[PDB]
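Chemist: Provided herewith is a single structure, encoded as structure tokens, for subsequent inquiry.
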Amino acid sequence: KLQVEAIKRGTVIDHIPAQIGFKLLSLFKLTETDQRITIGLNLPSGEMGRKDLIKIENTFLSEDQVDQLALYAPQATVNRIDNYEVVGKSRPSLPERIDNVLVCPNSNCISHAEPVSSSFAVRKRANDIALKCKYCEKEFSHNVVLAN
Amino acid sequence: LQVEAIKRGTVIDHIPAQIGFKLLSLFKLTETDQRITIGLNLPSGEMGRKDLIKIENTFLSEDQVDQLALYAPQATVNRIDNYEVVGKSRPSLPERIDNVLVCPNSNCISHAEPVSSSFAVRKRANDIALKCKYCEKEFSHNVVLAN
Amino acid sequence: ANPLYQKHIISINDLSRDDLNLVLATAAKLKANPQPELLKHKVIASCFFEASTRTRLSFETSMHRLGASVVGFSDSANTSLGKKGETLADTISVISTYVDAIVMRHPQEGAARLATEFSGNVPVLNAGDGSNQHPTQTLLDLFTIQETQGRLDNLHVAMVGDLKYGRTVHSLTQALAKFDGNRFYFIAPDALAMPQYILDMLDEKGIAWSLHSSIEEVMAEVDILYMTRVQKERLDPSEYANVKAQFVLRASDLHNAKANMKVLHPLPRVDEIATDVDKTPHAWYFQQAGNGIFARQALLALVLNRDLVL
Amino acid sequence: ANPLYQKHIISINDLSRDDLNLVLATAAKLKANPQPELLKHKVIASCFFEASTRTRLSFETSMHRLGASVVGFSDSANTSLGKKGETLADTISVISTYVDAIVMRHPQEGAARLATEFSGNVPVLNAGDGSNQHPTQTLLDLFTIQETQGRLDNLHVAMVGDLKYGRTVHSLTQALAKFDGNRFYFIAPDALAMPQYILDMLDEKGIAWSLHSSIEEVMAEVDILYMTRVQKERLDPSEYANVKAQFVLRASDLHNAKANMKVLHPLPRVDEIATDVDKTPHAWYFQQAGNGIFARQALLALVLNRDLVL
Amino acid sequence: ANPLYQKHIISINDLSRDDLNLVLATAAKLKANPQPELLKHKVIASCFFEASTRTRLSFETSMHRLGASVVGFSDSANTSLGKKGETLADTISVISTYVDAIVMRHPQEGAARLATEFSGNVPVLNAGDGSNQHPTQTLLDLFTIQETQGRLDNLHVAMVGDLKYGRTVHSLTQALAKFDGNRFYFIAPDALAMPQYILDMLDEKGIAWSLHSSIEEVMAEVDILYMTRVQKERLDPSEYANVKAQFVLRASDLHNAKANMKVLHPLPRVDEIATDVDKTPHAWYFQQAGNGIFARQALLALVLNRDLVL
Amino acid sequence: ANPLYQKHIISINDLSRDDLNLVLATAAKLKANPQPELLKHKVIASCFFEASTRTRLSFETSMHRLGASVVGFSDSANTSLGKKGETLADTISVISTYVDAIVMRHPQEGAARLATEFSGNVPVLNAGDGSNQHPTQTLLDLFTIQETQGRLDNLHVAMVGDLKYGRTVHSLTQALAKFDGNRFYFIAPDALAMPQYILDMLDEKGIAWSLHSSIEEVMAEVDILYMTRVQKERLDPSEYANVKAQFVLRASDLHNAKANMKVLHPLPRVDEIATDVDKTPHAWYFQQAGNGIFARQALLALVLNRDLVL
Ligand SMILES: Nc1ccn([C@@H]2O[C@H](COP(=O)(O)OP(=O)(O)OP(=O)(O)O)[C@@H](O)[C@H]2O)c(=O)n1
Ligand SMILES: Nc1ccn([C@@H]2O[C@H](COP(=O)(O)OP(=O)(O)OP(=O)(O)O)[C@@H](O)[C@H]2O)c(=O)n1
Ligand SMILES: O=c1ccn([C@@H]2O[C@H](COP(=O)(O)OP(=O)(O)OP(=O)(O)O)[C@@H](O)[C@H]2O)c(=O)[nH]1
Ligand SMILES: O=c1ccn([C@@H]2O[C@H](COP(=O)(O)OP(=O)(O)OP(=O)(O)O)[C@@H](O)[C@H]2O)c(=O)[nH]1
Ligand SMILES: [Mg+2]
Ligand SMILES: [Mg+2]
Ligand SMILES: [Zn+2]
Ligand SMILES: [Zn+2]
């Protein structure tokens, strides 16, 4: 059945949008470990047609670590696994703040080329999500922040 | 098998630990619709541990294999079709490396400009030396890699 | 300790109605009863990474009126370190080992906030960070409204000029919207309209605001007429001359003004207020400037002193 | 009177081991027990003919911490008199009728020495004269070593970076060579090697020094790792990138460092020390900068006050 | 003689449709068969009171391609000396005794028109006067559209970017409005909309135009996509970043573009056209710049040579 | 066509010995019999992004001596405006639609090479790219040696001065190393020695070279004494003064010089050649500069004219 076999224990992030799995591995430094990791990209899915999938053994994510996925993989399923059984399923929910991973689109923001981590207050609108920079205090569409 | 066999495509085996993700990034291997399966930190009989990249319905040209040499010089590029390994190659040092490197010379024209980086390669005194196409300066590969 | 002791003063967004009232009460008190030795033996850094003579003179005077010593710089580019390679982070890490408080003005948004992350236990006061915040200007503006009007609630406030790029009008509107029953009149060319994000903020709090083509539309009702600079250098010279007429104030415009009405302007004024206004009892822009001393003293005292003796 | 009362402070070459110890003892004392009125009624000239914001802020803060008043200038070229025709001799002849001490930084070697010849009974303190001396930087460096190490003798001191053009490393080496049993490790590209005249000085005193290609060669033994700036603008951009790797410090380099080891840097640091070093207990460059206040206060107190009350 | 012989070329509003067609016909002919000695023994002044390397190089190359000699200057060199003591009138009164034609660019609107009043018999060609006119840019734009589309009537023209402050798009719109059946699509942020005096002009002539917030709205219908540069000045950094995605073109935006559609841009295109567009068959901004040579040759030939070039 | 027809001239390392001999042969011919109309109707761009009066005057004179027209600019004029918004790629993409060849000088290494990638059919001649290449200087140097010595093989060549940072001596050494039997003598202070990558190159080819601390060591054996300027920047004032006497030539140093020996210097020679050398038969630096005209004419003729000049 399975190209990427079941694991005894750790975390499986399922239901990741195509072209987003690699993004997650990169942005969240997921491969910076010695633990065994198995990945499937462009896998078929019933519920989404085509998906990415990341398994990380002997590793678990907190609730906000899962929530930090919300912006890139809102319908992801994070499965906790021990002794071969899914002992927990959770789903990302918009966090109150997003640190480190975003870049402020204000070219005059002090955040650029200074030894600080980016930080954004999160608030859902209606047809997007607004991101307000901790430093320059400007608020942007998530669609603007996420792009170039 | 944690990452099962494929019918047709390329399997890059024997990648050093912590080099598999770097290869995915540098060479944009995941910018495709084809099914990719990956193992990182897998046990290896000959290496202790390794990384592993499988790209279905996809084959690498000879110079594409050779671009791996600076990162995974002992890698094994296997071509697969109908579940059979039809070819094995090991990267050889290329004579030029384009696109992925960054010239360490801060005054090089390459930085502010719509051109691809390019370095001529010379394994010489058993060091690998990289000469920038633009500024014509030559650097140790260790200096070019850090930047 | 008082609620502002050892706090950073970075943004009007971080200050509550209670905070603003405390600063203003303290400013009235120091105005009435100066304490020239309050900050004796304190050394304060006056760091103008972006030069601003008037704000700097004002801030340094406030330091001296409380007895503190002052070290600092003002930077065109002419300054050693100075416009080049060292990070602001490192500059603050160093200076915060020297002094008891840092007052700083900088051309980049967020610069004062970044400074707080490296100043350890040394308080940072933002004297202006790019197009973001200038909280002491807002505090002096608020102090002036409160002193002349007797309150910060249920006011009719007109704002006139460049409402789009005026950081001081955005901050003042945000601050007044922390109080109840205020009503706003915005008078600006369409190219320089008060931004939608401010309007949405007002709408959410059920605060009334409306647009008007001229000052005479609302002169009868206004308590505070807050005039802003309109920098020609971001309008077409022809465009500016085409639109200036409705954002320029002369003494004759004040004929039906209420007895309590005050005209404010953060300065410099160039074209926007004719000099014949100066002698009217409504002119209050130089008094406003004067009040910067008391608002800035109050902030320094509260931040650097646990319990205000009075 | 103390041995430094009314003395000029021009060169580390003029200061004895006893002199250095006195300054350092006095700095520890003022650090522990400040004397904010010690120099009350003294006026000190802060004369930066060559601009240096960090040194000037440091020096002026020290003046204010002792209660002195400060007059001065900082000169790009923008300053009346100011870059042109009047001799430095005349400038000093005038200023020394105004003030009680002159702190001066100048782009020409020997400028502070020349000043002493025209300042009459007014003490001159050299805050940097071209590529020659910067004695207060050395004193703050020494104070920092002494405070963290408990001594100035029998130390293992590594110096890393531009050892050829660093006036601060030459002076520090000269000063430490006034003490006994110190051993030096010099880590620099061949183009920026510690000069032969310094090496000959060490050889004559039987002080051990050796060259090393990397910091890891000596990390296990080092007490003080003194990192210097390497100004790109005197290496080829290609040359710099070719050689920077062995003169750049990261937290990972500190794995086998002794518990007492401190990393120093006169600042600004740009490339030479990664920010991950900052949080290690070995990072001491901002503390070092902080110590400039106490070393500079000690110097001013000793020079301007006969008998240190303590 | 030909209709433009010895005429001044100051404003697109002084050139009739027949004049425009004549310049373009002459440009096509000189492109097909050069006349390298047509203006032999002519001396032309290239007077760039306001510097513009690209416009100046283009104009001077055109002079040389016709065999004329060139004298001139580029300015903004009274950087801190100040503005002229001597009037532009006097400068032109003198230069017009030297040369056979004057090509001039100047920071003030109307400068070329004033020049014609002092140049006597000598023709003045306007290479740009402030935010007023830039007729040869419009001529090269028109020539480029005519060449790639085969006509200047019944076209669907999109203009994108700073439509408010672009003298080049105002002129091109006025020029295309001299022809019949053209349809306009204006894509601009609200702050940078095509001015009303332009829309009124189109309305008087019964010419259809519409506003759009995005290029994709119109891509499938456009024959010409005329991009302009959004000046960072004209905006706040944060504002610019919020709007940018609208006025920026990348190759993927062209998927539904008509095969004949050409993308133009008067240059520099720094941000608004991604380099991936360059290799598409639609990219025509460098060819456009190239056509500046033939448009400017044509104008020089017609103004200075009595008989039509054939 | 001739081997250099329509070729880019970017680097000495791309020119073979045959190419070098061809340029020099062509230079000799044009010196003997000028061809003032060879490039009639050609337009050449003289693009000095980095200013260089002497190189630019030389190159433009060469263009005119062949009858070509010239358009261009000299820069470092974005003095405080800032670096380009527009890419060098775009500048070249535009200019290459104007002219028949581009001669360019630029402060960044690789700039001329990048230009070739955007210039299409238009040849690019490198007049200097940072510390990388300056091929026409090497060509004029070679032509001068060939003319005065009668050959480019079996020569004894001394190079003196800043051998470390002189792009001109690196190139001349690489060029002479394409010929046979040449012997090198490198006279330089330790801080400014000929780089190892050069010595390795000579070692691969079995070419003899030796280091000397003084010109007299080698004077009696040299055919060419190639002097370079020691940049005061590259050193400290005191260091420079300690070393100067080694790399400075005066007439008395030439007493034992061979009758055929010529002294060259790419200029300016400010310090290193005393004016008393000028009237000796060995002084050949002005004749050398003169030969720049013929070397640059030769290159322009070969690149732009299909057939060999005969
Ligand atoms: N020992 C295990 C158990 C399960 N999984 C993986 O974890 C994911 C969730 O397991 P499961 O709930 O059993 O699959 P589904 O029923 O499809 O769950 P969902 O509805 O979330 O898709 C699956 O991708 C499965 O392959 C695993 O890798 N190792
Ligand atoms: N249909 C197949 C066949 C092979 N492989 C993979 O390709 C690699 C090499 O194949 P193979 O020659 O069968 O394995 P080895 O004998 O171990 O070869 P080597 O000595 O190179 O390790 C292995 O990772 C194997 O799992 C695969 O993914 N799909
Ligand atoms: O752990 C896994 C899960 C899935 N897969 C591979 O992914 C594909 C789907 O296998 P699934 O098991 O995920 O089917 P599914 O219906 O549960 O999918 P969802 O709707 O929940 O998204 C199959 O091709 C399978 O081989 C793995 O290789 N490993
Ligand atoms: O295609 C593969 C190959 C290997 N693996 C997994 O990697 C581990 C090694 O399996 P291998 O099959 O690669 O063993 P090996 O002896 O050939 O190792 P090398 O020296 O050739 O490197 C095993 O745990 C296996 O499950 C896969 O999951 N998929
Ligand atoms: Mg499922
Ligand atoms: Mg194997
Ligand atoms: Zn920001
Ligand atoms: Zn390079």
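So for chain C, numbering is Swiss-Prot's, and the shown residues are 2-311, in order.
When the header is checked for method, it gives X-ray crystallography, 1.9 Å.
Placement of Cβ uses the backbone N, Cα and C atoms for every residue, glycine included.
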Chemist: Out of C:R106, C:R114, C:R251, which one does Swiss-Prot list together with C:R55, C:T56, C:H135, C:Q138, C:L268, C:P269 for carbamoyl phosphate?
Modeler: C:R106
Chemist: On a C-alpha basis, identify the one among C:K85, C:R168, C:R230 that is nearest to C:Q138 (carbamoyl phosphate binding site); the candidates are the binding-site residues.
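Modeler: It is C:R168, whose Cα lies nearest.
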Chemist: Where C:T56 (carbamoyl phosphate binding site) and C:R230 (L-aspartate binding site) are concerned, what is their Cα separation in Å, rounded?
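Modeler: One finds 16 Å between the Cα atoms of these residues.
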Chemist: Let me know the most crowded of the binding-site residues, choosing from C:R55, C:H135, C:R168, C:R230 and counting other Cβ atoms within 10 Å.
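Modeler: The residue with the densest Cβ neighbourhood is C:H135.
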Chemist: Measuring CA to CA, name the entry from the binding-site residues C:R55, C:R106, C:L268, C:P269 that ends up nearest C:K85 (L-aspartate binding site).
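Modeler: Nearest by Cα distance to C:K85 (L-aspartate binding site): C:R106.
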Chemist: I need the most crowded of these binding-site residues: C:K85, C:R106. Count other C-beta atoms within 10 angstroms of each C-beta and give me the top one.
Modeler: C:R106
Chemist: Could you tell me the C-alpha distance between C:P269 (carbamoyl phosphate binding site) and C:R168 (L-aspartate binding site) in angstrom, no decimals?
Modeler: 14
Chemist: What Cα-Cα separation, expressed in whole Å, is found between C:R106 (carbamoyl phosphate binding site) and C:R230 (L-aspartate binding site)?
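Modeler: C:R106 (carbamoyl phosphate binding site) and C:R230 (L-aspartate binding site) have their Cα atoms 20 Å apart.
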Chemist: Secondary structure at C:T56 (carbamoyl phosphate binding site) (DSSP, helix/strand/coil)?
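Modeler: Its secondary structure by DSSP: helix.
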Chemist: Other than its own, how many Cβ atoms are within 10 Å of the Cβ belonging to C:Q138 (carbamoyl phosphate binding site)?
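Modeler: I count 23 other Cβ atoms within 10 Å of it.
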Chemist: Work out the three-state DSSP category of C:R106 (carbamoyl phosphate binding site).
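Modeler: DSSP call for C:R106 (carbamoyl phosphate binding site): strand.
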Chemist: Do me a favour and check the Cα-Cα span between C:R55 (carbamoyl phosphate binding site) and C:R230 (L-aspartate binding site); whole Å is fine.
Modeler: 15
Chemist: Could you say which of the binding-site residues C:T56, C:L268, C:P269 has its Cβ with the most other Cβ atoms inside 10 Å?
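Modeler: Counting Cβ neighbours within 10 Å, the top one is C:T56.
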